[PDB]
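Undergrad: Here you go, upload.cif (mmCIF, C-alpha atoms):
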```cif
data_my_file
loop_
_atom_site.label_atom_id
_atom_site.label_comp_id
_atom_site.auth_asym_id
_atom_site.auth_seq_id
_atom_site.Cartn_x
_atom_site.Cartn_y
_atom_site.Cartn_z
CA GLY A 1 -16.42 14.47 -7.20
CA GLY A 2 -17.47 16.04 -3.84
CA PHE A 3 -17.80 14.05 -0.61
CA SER A 4 -20.46 15.09 1.94
CA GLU A 5 -19.60 16.65 5.31
CA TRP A 6 -18.58 14.20 8.06
CA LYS A 7 -21.53 12.34 9.64
CA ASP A 8 -21.96 10.19 12.76
CA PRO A 9 -22.21 6.44 12.16
CA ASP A 10 -25.73 5.06 11.58
CA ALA A 11 -27.00 1.45 11.40
CA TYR A 12 -26.89 1.41 7.56
CA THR A 13 -23.19 2.46 7.28
CA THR A 14 -22.17 0.39 10.36
CA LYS A 15 -23.49 -2.72 8.56
CA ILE A 16 -21.37 -1.79 5.52
CA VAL A 17 -18.21 -1.33 7.68
CA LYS A 18 -18.87 -4.65 9.48
CA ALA A 19 -19.47 -6.38 6.09
CA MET A 20 -15.94 -5.31 5.00
CA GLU A 21 -14.08 -6.52 8.15
CA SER A 22 -12.93 -9.83 6.53
CA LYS A 23 -11.41 -7.95 3.54
CA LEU A 24 -10.02 -5.26 5.92
CA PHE A 25 -8.08 -7.76 8.12
CA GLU A 26 -6.51 -9.30 4.96
CA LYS A 27 -5.44 -6.01 3.29
CA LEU A 28 -3.80 -5.12 6.70
CA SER A 29 -2.40 -8.63 7.57
CA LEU A 30 -4.14 -8.34 11.01
CA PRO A 31 -5.10 -11.96 11.87
CA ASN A 32 -6.37 -11.72 15.52
CA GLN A 33 -9.37 -9.71 14.12
CA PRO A 34 -8.84 -6.71 16.45
CA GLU A 35 -11.90 -4.53 17.15
CA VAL A 36 -12.72 -1.99 14.39
CA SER A 37 -14.26 1.17 15.88
CA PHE A 38 -16.39 3.15 13.35
CA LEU A 39 -16.12 6.88 14.07
CA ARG A 40 -17.69 8.91 11.20
CA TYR A 41 -18.10 8.83 7.44
CA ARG A 42 -18.53 10.93 4.32
CA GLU A 43 -20.42 9.80 1.20
CA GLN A 44 -20.49 10.74 -2.51
CA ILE A 45 -23.28 9.57 -4.86
CA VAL A 46 -21.84 8.52 -8.25
CA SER A 47 -24.34 7.91 -11.08
CA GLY A 48 -24.03 7.95 -14.88
CA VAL A 49 -23.92 5.89 -18.08
CA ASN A 50 -20.82 4.65 -19.89
CA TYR A 51 -21.34 4.59 -23.66
CA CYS A 52 -19.30 2.74 -26.27
CA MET A 53 -20.05 4.68 -29.49
CA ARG A 54 -19.06 3.06 -32.84
CA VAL A 55 -18.26 5.86 -35.34
CA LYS A 56 -16.73 6.14 -38.81
CA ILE A 57 -14.27 8.99 -39.55
CA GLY A 58 -12.71 8.91 -43.03
CA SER A 59 -12.32 5.21 -43.96
CA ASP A 60 -11.52 4.25 -40.29
CA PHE A 61 -13.86 2.90 -37.57
CA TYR A 62 -13.52 4.01 -33.92
CA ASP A 63 -14.75 3.09 -30.45
CA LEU A 64 -15.67 6.33 -28.56
CA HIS A 65 -15.83 5.58 -24.80
CA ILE A 66 -17.96 8.37 -23.28
CA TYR A 67 -19.16 8.89 -19.70
CA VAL A 68 -22.36 10.88 -19.12
CA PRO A 69 -22.94 11.74 -15.45
CA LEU A 70 -26.50 11.76 -14.10
CA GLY A 71 -28.09 15.18 -14.78
CA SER A 72 -26.11 15.69 -18.04
CA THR A 73 -27.34 15.02 -21.61
CA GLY A 74 -26.02 16.05 -25.05
CA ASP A 75 -27.97 19.34 -24.36
CA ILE A 76 -27.94 19.77 -20.51
CA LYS A 77 -24.70 20.37 -18.61
CA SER A 78 -22.98 18.80 -21.62
CA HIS A 79 -19.59 20.26 -20.46
CA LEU A 80 -19.51 17.44 -17.85
CA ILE A 81 -19.63 14.63 -20.47
CA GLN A 82 -16.20 12.91 -20.50
CA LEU A 83 -14.40 11.45 -23.55
CA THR A 84 -12.79 8.69 -21.45
CA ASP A 85 -11.12 6.76 -24.29
CA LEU A 86 -10.79 6.64 -28.08
CA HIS A 87 -9.24 3.92 -30.29
CA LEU A 88 -9.59 2.13 -33.64
CA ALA A 89 -12.42 -0.45 -33.34
CA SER A 90 -9.55 -2.89 -34.26
CA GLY B 1 -18.95 -6.94 -19.66
CA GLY B 2 -21.83 -5.01 -18.02
CA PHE B 3 -22.56 -3.37 -21.42
CA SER B 4 -25.87 -3.85 -23.28
CA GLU B 5 -26.21 -5.38 -26.75
CA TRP B 6 -25.36 -3.09 -29.72
CA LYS B 7 -28.17 -0.59 -30.43
CA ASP B 8 -29.03 1.60 -33.44
CA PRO B 9 -28.44 5.32 -32.90
CA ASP B 10 -31.31 7.26 -31.28
CA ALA B 11 -31.89 11.02 -30.85
CA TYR B 12 -30.44 10.99 -27.32
CA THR B 13 -27.08 9.27 -28.09
CA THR B 14 -26.69 11.12 -31.45
CA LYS B 15 -26.71 14.45 -29.55
CA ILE B 16 -24.01 13.07 -27.20
CA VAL B 17 -21.73 12.02 -30.12
CA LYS B 18 -22.28 15.41 -31.82
CA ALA B 19 -21.37 17.19 -28.54
CA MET B 20 -18.05 15.24 -28.43
CA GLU B 21 -16.95 16.13 -32.01
CA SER B 22 -14.64 19.03 -30.93
CA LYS B 23 -12.78 16.72 -28.48
CA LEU B 24 -12.69 13.96 -31.13
CA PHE B 25 -11.03 16.17 -33.78
CA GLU B 26 -8.50 17.51 -31.25
CA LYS B 27 -7.51 14.08 -29.82
CA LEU B 28 -7.01 12.78 -33.40
CA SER B 29 -5.24 15.99 -34.63
CA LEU B 30 -7.82 16.20 -37.49
CA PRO B 31 -8.18 19.95 -38.24
CA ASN B 32 -10.87 20.10 -41.03
CA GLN B 33 -13.83 18.64 -38.96
CA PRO B 34 -14.55 15.63 -41.24
CA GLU B 35 -17.95 13.86 -41.11
CA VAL B 36 -18.34 11.67 -38.00
CA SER B 37 -20.80 8.85 -38.90
CA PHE B 38 -22.52 7.33 -35.81
CA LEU B 39 -23.26 3.64 -36.51
CA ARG B 40 -24.33 1.98 -33.22
CA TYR B 41 -23.69 2.03 -29.50
CA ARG B 42 -23.87 0.08 -26.30
CA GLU B 43 -24.37 1.39 -22.77
CA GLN B 44 -23.59 0.44 -19.17
CA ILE B 45 -25.47 2.13 -16.31
CA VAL B 46 -23.12 2.68 -13.33
CA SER B 47 -24.72 3.87 -10.07
CA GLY B 48 -23.76 3.63 -6.38
CA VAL B 49 -22.23 5.50 -3.43
CA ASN B 50 -18.59 6.01 -2.46
CA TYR B 51 -18.08 6.01 1.33
CA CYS B 52 -15.08 7.35 3.22
CA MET B 53 -15.31 5.49 6.57
CA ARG B 54 -13.10 6.81 9.42
CA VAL B 55 -12.25 3.81 11.65
CA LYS B 56 -9.83 2.98 14.48
CA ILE B 57 -7.96 -0.38 14.51
CA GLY B 58 -5.66 -0.93 17.49
CA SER B 59 -4.27 2.59 18.13
CA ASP B 60 -4.30 3.66 14.41
CA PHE B 61 -6.86 5.69 12.41
CA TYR B 62 -7.78 4.71 8.80
CA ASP B 63 -9.80 6.00 5.87
CA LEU B 64 -11.82 3.05 4.45
CA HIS B 65 -12.91 3.76 0.84
CA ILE B 66 -15.93 1.50 0.16
CA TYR B 67 -18.08 1.48 -2.98
CA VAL B 68 -21.68 0.24 -2.59
CA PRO B 69 -23.39 -0.36 -5.96
CA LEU B 70 -27.05 0.62 -6.29
CA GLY B 71 -29.21 -2.36 -5.26
CA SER B 72 -26.60 -3.42 -2.63
CA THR B 73 -26.58 -2.65 1.10
CA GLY B 74 -24.71 -4.09 4.12
CA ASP B 75 -27.44 -6.81 4.09
CA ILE B 76 -28.57 -7.06 0.39
CA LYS B 77 -26.22 -8.39 -2.33
CA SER B 78 -23.45 -7.34 0.06
CA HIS B 79 -20.96 -9.54 -1.95
CA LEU B 80 -20.85 -6.69 -4.52
CA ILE B 81 -19.63 -4.06 -2.01
CA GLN B 82 -15.99 -3.16 -2.92
CA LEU B 83 -13.14 -2.18 -0.56
CA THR B 84 -11.52 0.16 -3.14
CA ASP B 85 -8.76 1.66 -0.91
CA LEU B 86 -7.53 1.72 2.69
CA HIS B 87 -4.89 4.07 4.19
CA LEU B 88 -3.91 5.73 7.47
CA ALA B 89 -6.00 8.91 7.98
CA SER B 90 -2.63 10.70 8.53
CA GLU B 91 -1.60 10.06 4.83
#
```
Output the file's structure in the form of structure tokens.
TA:
Amino acid sequence: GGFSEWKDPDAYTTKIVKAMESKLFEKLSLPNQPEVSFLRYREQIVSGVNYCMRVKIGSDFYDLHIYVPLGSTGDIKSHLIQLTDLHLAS
Amino acid sequence: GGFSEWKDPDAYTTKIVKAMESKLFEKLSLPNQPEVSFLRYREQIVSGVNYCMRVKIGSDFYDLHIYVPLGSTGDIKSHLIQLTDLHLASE
């Protein structure tokens, strides 16, 4: 949940900005395709596994939607595991 | 929809379900800590990078929120790059 410090453009991120220009001009309704000047960027790695856990409690069956960020397990940094959703398997 | 086939429980996922039992009981308002039986699971790896791109268009400054999934770049499988949000830097 933490973005990096601001960084100067590089070739890798410039290619990503240029790749998005089509979608940019549409979300802005700018049709003449005005120049897009790339000034700086921040980044945030996001890695993890979403789990759908089927569990029985009482006579009822549930879907437990759980997100485990990279670096966490059931034993390591387990406070960062998220219970994202819970509902009857129905 | 990006999720694996159903899998039998394993040591790794069983520990994760056991860790979540407190939050389970509380969300359900079940006070006596009944047995939670773990039957099967499926998983979906999600990996990539969120970019905040500061750009100028005409005389205005924007934050461009772009998500690049692992395995994608500006040149490789670039059709999977997502423009998640766009707004004036001043907002």
Undergrad: Which residues of region 41-79 of chain A come within 12 Å of region 38-60 of chain B, and for each one, what is the closest pair of atoms and their distance in Å to one decimal, counting only C-alpha atoms, sorted by chain and residue number, as CSV?
TA:
```
residue,atom,partner,partner_atom,distance
A:41,CA,B:53,CA,4.4
A:42,CA,B:52,CA,5.1
A:43,CA,B:51,CA,4.5
A:44,CA,B:50,CA,5.1
A:45,CA,B:49,CA,4.4
A:46,CA,B:48,CA,5.6
A:47,CA,B:47,CA,4.2
A:48,CA,B:46,CA,5.6
A:49,CA,B:45,CA,4.4
A:50,CA,B:44,CA,5.1
A:51,CA,B:43,CA,4.5
A:52,CA,B:42,CA,5.3
A:53,CA,B:41,CA,4.5
A:54,CA,B:40,CA,5.4
A:55,CA,B:38,CA,4.5
A:56,CA,B:38,CA,6.6
A:57,CA,B:38,CA,9.2
A:61,CA,B:39,CA,9.5
A:62,CA,B:38,CA,9.8
A:63,CA,B:41,CA,9.1
A:64,CA,B:41,CA,9.1
A:65,CA,B:43,CA,9.7
A:66,CA,B:43,CA,9.5
A:67,CA,B:44,CA,9.6
A:68,CA,B:45,CA,9.7
A:69,CA,B:46,CA,9.3
A:70,CA,B:47,CA,9.0
```
Undergrad: Compare A:34, A:40, A:88, A:8 by their minimum atom-to-atom distance to residue 58 (chain A), counting only C-alpha atoms, and give me the closest one.
TA: A:88
Undergrad: Name all residues at most 8 Å from region 79-85 of chain B (count only C-alpha atoms; drop same-chain ones fewer than 4 positions away) and give them as a PDB file with C-alpha atoms, keeping the file's coordinate frame.
TA:
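Just written: selection.pdb:
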```pdb
ATOM      1  CA  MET A  20     -15.940  -5.310   5.000  1.00  0.00           C
ATOM      2  CA  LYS A  23     -11.410  -7.950   3.540  1.00  0.00           C
ATOM      3  CA  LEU A  24     -10.020  -5.260   5.920  1.00  0.00           C
TER       4      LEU A  24
ATOM      5  CA  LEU B  64     -11.820   3.050   4.450  1.00  0.00           C
ATOM      6  CA  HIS B  65     -12.910   3.760   0.840  1.00  0.00           C
ATOM      7  CA  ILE B  66     -15.930   1.500   0.160  1.00  0.00           C
ATOM      8  CA  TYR B  67     -18.080   1.480  -2.980  1.00  0.00           C
ATOM      9  CA  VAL B  68     -21.680   0.240  -2.590  1.00  0.00           C
ATOM     10  CA  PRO B  69     -23.390  -0.360  -5.960  1.00  0.00           C
ATOM     11  CA  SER B  72     -26.600  -3.420  -2.630  1.00  0.00           C
ATOM     12  CA  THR B  73     -26.580  -2.650   1.100  1.00  0.00           C
ATOM     13  CA  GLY B  74     -24.710  -4.090   4.120  1.00  0.00           C
TER      14      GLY B  74
END
```
Undergrad: What's the separation between CA of residue 8 (chain B) and CA of residue 85 (chain A), in Å to one decimal place?
TA: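 Between these atoms lies a distance of 20.8 Å.
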Undergrad: What gap, in Å, lies between CA of residue 63 (chain B) and CA of residue 87 (chain B)?
TA: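 Those two atoms sit 5.5 Å apart.
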Undergrad: Separation of CA of residue 18 (chain A) and CA of residue 33 (chain A), in Å?
TA: 11.7 Å
Undergrad: Of the candidates B:31, B:7, B:21, B:37, which shows the shortest atom-to-atom distance to chain A, using only C-alpha atoms?
TA: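 Going through B:31, B:7, B:21, B:37 one by one, the smallest distance to chain A is for B:37.
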Undergrad: Find, counting all atoms listed in the file, the residue in A:86, A:36, A:30, A:80 that gets nearest to residue 1 (chain A).
TA: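 Checking each candidate against residue 1 (chain A), we get A:80 as the closest.
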Undergrad: Counting only C-alpha atoms, figure out which residue out of A:76, A:32, A:16, A:27 gets nearest to chain B.
TA: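 Closest residue, counting only C-alpha atoms: A:16.
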Undergrad: Quick one: of A:10, A:21, A:5, A:35, who's nearest to chain B, counting only C-alpha atoms?
TA: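 Comparing A:10, A:21, A:5, A:35 against chain B, the winner is A:35.
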Undergrad: Ranking B:1, B:26, B:86, B:36 by minimum distance to residue 14 (chain B) and counting all atoms listed in the file, which one comes first?
TA: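 With all atoms listed in the file as the atom set, the closest residue is B:36.
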Undergrad: Around (-21.1, 18.4, -24.8) in the file's frame, which residues reach within 12 Å when counting all atoms listed in the file? Return as an MDAnalysis selection string?
TA: (chainID A and resid 66:69 72:83) or (chainID B and resid 13:24)
Undergrad: Could you write out the selected residues, including C-alpha atoms, as a PDB file, keeping the file's coordinate frame?
TA:
```
ATOM      1  CA  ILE A  66     -17.960   8.370 -23.280  1.00  0.00           C
ATOM      2  CA  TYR A  67     -19.160   8.890 -19.700  1.00  0.00           C
ATOM      3  CA  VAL A  68     -22.360  10.880 -19.120  1.00  0.00           C
ATOM      4  CA  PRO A  69     -22.940  11.740 -15.450  1.00  0.00           C
ATOM      5  CA  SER A  72     -26.110  15.690 -18.040  1.00  0.00           C
ATOM      6  CA  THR A  73     -27.340  15.020 -21.610  1.00  0.00           C
ATOM      7  CA  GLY A  74     -26.020  16.050 -25.050  1.00  0.00           C
ATOM      8  CA  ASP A  75     -27.970  19.340 -24.360  1.00  0.00           C
ATOM      9  CA  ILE A  76     -27.940  19.770 -20.510  1.00  0.00           C
ATOM     10  CA  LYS A  77     -24.700  20.370 -18.610  1.00  0.00           C
ATOM     11  CA  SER A  78     -22.980  18.800 -21.620  1.00  0.00           C
ATOM     12  CA  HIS A  79     -19.590  20.260 -20.460  1.00  0.00           C
ATOM     13  CA  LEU A  80     -19.510  17.440 -17.850  1.00  0.00           C
ATOM     14  CA  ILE A  81     -19.630  14.630 -20.470  1.00  0.00           C
ATOM     15  CA  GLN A  82     -16.200  12.910 -20.500  1.00  0.00           C
ATOM     16  CA  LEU A  83     -14.400  11.450 -23.550  1.00  0.00           C
TER      17      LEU A  83
ATOM     18  CA  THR B  13     -27.080   9.270 -28.090  1.00  0.00           C
ATOM     19  CA  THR B  14     -26.690  11.120 -31.450  1.00  0.00           C
ATOM     20  CA  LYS B  15     -26.710  14.450 -29.550  1.00  0.00           C
ATOM     21  CA  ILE B  16     -24.010  13.070 -27.200  1.00  0.00           C
ATOM     22  CA  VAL B  17     -21.730  12.020 -30.120  1.00  0.00           C
ATOM     23  CA  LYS B  18     -22.280  15.410 -31.820  1.00  0.00           C
ATOM     24  CA  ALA B  19     -21.370  17.190 -28.540  1.00  0.00           C
ATOM     25  CA  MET B  20     -18.050  15.240 -28.430  1.00  0.00           C
ATOM     26  CA  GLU B  21     -16.950  16.130 -32.010  1.00  0.00           C
ATOM     27  CA  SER B  22     -14.640  19.030 -30.930  1.00  0.00           C
ATOM     28  CA  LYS B  23     -12.780  16.720 -28.480  1.00  0.00           C
ATOM     29  CA  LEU B  24     -12.690  13.960 -31.130  1.00  0.00           C
TER      30      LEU B  24
END
```
Undergrad: Do a neighbour search on residue 31 (chain A) at 10 Å with all atoms listed in the file, toss out local chain neighbours closer than 5 positions, and write the hits as a ChimeraX atom specification.
TA: /A:22,25-26
